[PDB]
Amino acid sequence: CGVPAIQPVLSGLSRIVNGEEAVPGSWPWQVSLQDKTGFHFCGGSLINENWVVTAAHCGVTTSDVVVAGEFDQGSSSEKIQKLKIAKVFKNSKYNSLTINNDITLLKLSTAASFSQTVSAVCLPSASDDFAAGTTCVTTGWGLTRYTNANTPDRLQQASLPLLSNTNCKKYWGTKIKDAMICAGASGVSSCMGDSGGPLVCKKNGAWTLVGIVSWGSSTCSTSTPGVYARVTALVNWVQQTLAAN
Amino acid sequence: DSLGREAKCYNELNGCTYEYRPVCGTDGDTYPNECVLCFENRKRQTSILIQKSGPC
């Protein structure tokens, strides 16, 4: 876990008005949720060669497809993995009103083939503590400007720091829960089509699954923090379901 | 001769979820998702509906 064969290159463009385009194959655990139609509606992260972790508000069906090893979705010329889904294991504690406990585990029919471009993300430990002001990473195919209404063909990366529950409440107040973590308000935002993807904080060499894109500004406001499912507070459930399945 | 379909928000949230699920409004415009059309009706005080799902 959490070491790309292919090394990412995070430049100062990754930090301003709506990040940058990634080096192809640098976030191997990055997957795209798609229709039978080949329509990207969400992202996910690979934690094994069999399971994918996503956001529960995404509504993935067994009918949907997990596409591994993609850069340019606008291609038709990449070596990608279209894995089928066998079972969707959505948290029972997810609150649809509140968007709390927004984690869903997907069990694959076809195991994915770790490659140079496919690998898994390290999962944290509940005990884990990721300090506010920590600069992290979010990745996806979400809109660049809210005003684009056409998702990007190539993967993007934004550099953004975590926020204290206390300082997010300033912007969201009572909405912000315990199974929620915030990041942003720094010139970068997660937007429509980023949902289920990762918020990865580097821990001791490893890129570690710290958040899942959840929800945020209606309009992908770069001065407002974006909210993500808090992995450490939901990680034990990950272990448990993975174990019992 | 027919239908309609109104777009819904999460009220317990005054933000939107980040999924890409375009919806075609009765106005002839594409919304990234449904909560977006709702948040735009609310702020613009409009009453646009969902023609068809997916892009216009």
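Here chain B follows Swiss-Prot for its numbers: 24-79, in order, are the residues you see.
A Cβ is built for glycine as well, from the same backbone N, Cα and C atoms used for every other residue.
Positions annotated as disulfide bond by Swiss-Prot: B:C32-B:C61 (among others). In the three-state DSSP assignment, the secondary structure recorded for B:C61 (disulfide bond) is helix. For B:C61 (disulfide bond), applying a Cβ distance below 8 Å and a minimum sequence separation of six or more within one chain yields B:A30, B:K31, B:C32.
Feature annotation from Swiss-Prot assigns disulfide bond to B:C39-B:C58 (among others). In the three-state DSSP classification, B:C39 (disulfide bond) falls within a strand. Within its own chain, B:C39 (disulfide bond) has B:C32, B:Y33, B:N56, B:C58, B:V59, B:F62 as residues 6 or more apart in sequence whose C-beta sits under 8 angstroms from its own.
What Swiss-Prot lists as disulfide bond is B:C47-B:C79 (among others). Listed in sequence order, the residues of the same chain lying 6 or more apart from B:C47 (disulfide bond) and placing their CB within less than 8 Å of its CB are B:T53, B:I73, B:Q74, B:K75, B:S76, B:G77, B:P78, B:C79.
Filtering the disulfide-bonded residues B:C39, B:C47, B:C58, B:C79 for a Cβ under 8 angstroms from any Cβ of chain A leaves B:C39, B:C58, in order along the sequence. Neighbour counts of Cβ atoms within 10 Å were taken for the disulfide-bonded residues B:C32, B:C58, B:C79; the minimum is at B:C79.
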